[PDB]
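Take a look at this single chain, the form deposited in one PDB entry, given in structure tokens.
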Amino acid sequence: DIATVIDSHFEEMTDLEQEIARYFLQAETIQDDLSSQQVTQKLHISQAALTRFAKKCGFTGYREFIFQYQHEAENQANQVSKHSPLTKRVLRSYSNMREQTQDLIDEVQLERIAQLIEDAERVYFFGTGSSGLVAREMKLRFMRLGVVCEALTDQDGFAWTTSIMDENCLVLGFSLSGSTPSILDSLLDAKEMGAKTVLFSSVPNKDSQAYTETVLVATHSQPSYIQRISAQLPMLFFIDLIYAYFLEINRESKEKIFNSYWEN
């Protein structure tokens, strides 16, 4: 804007004043003390040359010119981005995952699952690797609301625990790939025991209907394995959604339980 007006009058300007236009056409200029004193000392010109340049540009003088020079830069810059390409690949990978999950939500299903946890006597969260930390996280959150739950992160524990579940148990299995055999095959063992089974996967079903519920979670935005964000995060979206539905079932009794940590 102010750069275009400069170019339109650039010719009418003397070589020295043309130099002053050149300096202010630089982006680096703003990162500098732009008082008339410093500009004159810096470019080794007189005040009069500065005033003549500013009026060449249609302003009454340097003060009006520089007053806009600041505002302009503040009216932009806040419009531009101040984030590195890496900080932005990270921020967009999260935003992309929040967008995609919002498309994936089956809200009736999540309230169905919140009620299943409520009606279960014992609940178990199966996962390995990063999805085993997700399973750990669920146990702490739902324990504070009074759920009897346990987190298991290895194959011995899976088989060991499946053998002692019954129709009053609920097992939530987390397999981002939708392939992790340890988890998938152990959810099938629990069904044979009569327990209800919910599978979380970022990968569509392939006869996944064998489980009580299959929750489709978001795939990652980054195609390369190394460049992705936490493998936990797709699962955390829906844990926090399920948590929010579950908390509202008998919320009054659950807050008593949640608070009795503090109560001596």
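Residue numbers run from 1 along the displayed sequence.
Not pictured, yet referred to below: the form deposited in another entry.
S.K.: Thinking of the change between this form and the one not shown as two rigid blocks, are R112 and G157 in one block?
M.R.: Correct, same part.
S.K.: If the CA atoms of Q100 and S81 move by 3 Å or more in that other deposited form, do they move toward each other or away, so closer or farther than here?
M.R.: Between the C-alphas of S81 and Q100, the gap widens in that other deposited form (3 Å or more compared with this form).
S.K.: If the C-alpha spacing of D103 and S81 moves by 3 Å or more in that other deposited form, is that a move closer or farther apart?
M.R.: Relative to the displayed form, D103 and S81 move farther apart in that other deposited form - a change of at least 3 Å between their C-alphas.
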